[PDB]
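A single chain, nothing else alongside it, follows as structure tokens in the form deposited in one PDB entry.
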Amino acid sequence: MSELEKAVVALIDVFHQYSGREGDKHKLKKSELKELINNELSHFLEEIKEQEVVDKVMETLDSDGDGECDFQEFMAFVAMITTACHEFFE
């Protein structure tokens, strides 16, 4: 598989790594979201150390207002991070 295919599956994989830790095996609750960011986005995003920031990032990604981030919402987050990385380097 190509780099683009590898990327598509990596997005699926990281999501399930964190979402399947507690509660709804298919949604990132706040503590799963935090660890995903801290462990997996350490070169693109500042480490998250304050509850306020956990709350705020979820508030921002949670489009359907259920207090968790599901797969669709996670894809929106990846697009945001990707767009930011893109614009940074031109």
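Residue numbers run from 1 along the displayed sequence.
What comes next is about the form solved in complex with a partner chain, which does not appear here.
The closest heavy atom approach of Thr60 to the partner chain in the deposited complex falls within 4.5 Å.
In the deposited complex, the partner chain sits within 4.5 Å of a heavy atom belonging to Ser42.
Although the partner is absent here, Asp64 lies well away from the partner chain in the deposited complex, with no heavy atom inside 4.5 Å.
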